[PDB]
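J.: Have a look at the structure that comes next, please.
Derivation of every value follows stated rules applied to the coordinates shown; laboratory data play no part. Positions of Cβ are backbone-derived with ideal geometry, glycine not excepted, and every protein chain shown enters the neighbour counts.
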């Protein structure tokens, strides 16, 4: 239980995390700029910088790829 874990476990986790997670993640899932993201989730880029780094840090992620990967790995993949 150090990094990543199962597929659906991630999803259910993607939410248990917090708005900051479901927020930046759903923006990160695509790969848009820190600005469009922060604003895409009614917030500032300085926030996503905090949230994001937190999100991947608390969600058990590792990097941008890992996050989204864990995002799509479950159900956080924008078709």
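J.: If I ask for residues that are out of contact with any helix residue (DSSP H, G or I) (no Cβ under 7 Å at 6 or more places or on another chain), within 17 Å of residue 75 (Cβ to Cβ) and assigned to a loop (DSSP other than H, G, I, E, B), which ones from region 1-19 would you list? Break it down stepwise before answering.
T.: First, pick out the residues of region 1-19 that are out of contact with any helix residue (DSSP H, G or I) (no Cβ under 7 Å at 6 or more places or on another chain): 1-3, 5-6, 9, 12-13, 16, 18-19.
Retained after the next criterion (residues that are within 17 Å of residue 75 (Cβ to Cβ)): 5-6, 9, 12-13, 16.
Correct list: 5, 6.
J.: Sticking with this structure for a sec: Does region 58-76 hold any residues that are within 15 Å of residue 15 (Cβ to Cβ) and part of a loop (DSSP other than H, G, I, E, B), and which are they?
T.: 59, 60, 61, 75, 76
J.: Next up: Do the conditions hold for residue 12, that is, is it surrounded by fewer than 17 Cβ atoms within 10 Å (Cβ to Cβ), at negative phi and under 12 Å from the mean Cα position of the chain (by Cα)? Give the derivation first.
T.: Details: surrounded by fewer than 17 Cβ atoms within 10 Å (Cβ to Cβ): yes; at negative phi: yes; under 12 Å from the mean Cα position of the chain (by Cα): no.
In short, no.
J.: While we're looking at this one, here's another question. Going by the conditions given, is residue 22 in contact with a helix residue (DSSP H, G or I) (Cβ under 8 Å, 6 or more places away or on another chain) and either surrounded by 13 or more Cβ atoms within 10 Å (Cβ to Cβ) or in contact (Cβ under 8 Å) with a residue 24 or more places away in the chain (or both)? Steps first, please.
T.: Values: in contact with a helix residue (DSSP H, G or I) (Cβ under 8 Å, 6 or more places away or on another chain): yes; either surrounded by 13 or more Cβ atoms within 10 Å (Cβ to Cβ) or in contact (Cβ under 8 Å) with a residue 24 or more places away in the chain (or both): yes.
For residue 22, the condition - in contact with a helix residue (DSSP H, G or I) (Cβ under 8 Å, 6 or more places away or on another chain) and either surrounded by 13 or more Cβ atoms within 10 Å (Cβ to Cβ) or in contact (Cβ under 8 Å) with a residue 24 or more places away in the chain (or both) - is met.
J.: Taking region 28-57 only, how many residues are over 17 Å from residue 73 (Cβ atoms), in contact with a helix residue (DSSP H, G or I) (Cβ under 9 Å, 6 or more places away or on another chain) and assigned to a helix (DSSP H, G or I)? Before the answer, list the steps.
T.: Quick first cut of region 28-57, residues over 17 Å from residue 73 (Cβ atoms) only: 32-54, 57.
Remaining after also requiring in contact with a helix residue (DSSP H, G or I) (Cβ under 9 Å, 6 or more places away or on another chain): 32-52, 54.
Next, from what is left, pick out any that are assigned to a helix (DSSP H, G or I): 34-40, 45-52, 54.
Result for region 28-57: 16.
J.: Looking only at residues in region 51-79 that are within 16 Å of residue 17 (Cα to Cα) and either touching a strand residue (DSSP E or B) at 6+ places or on another chain (Cβ under 7 Å) or without any contact (Cβ under 8 Å) to a residue 12 or more places away in the chain (or both), which one is surrounded by the fewest Cβ atoms within 10 Å (Cβ to Cβ)?
T.: Checking each candidate, the answer is 57.
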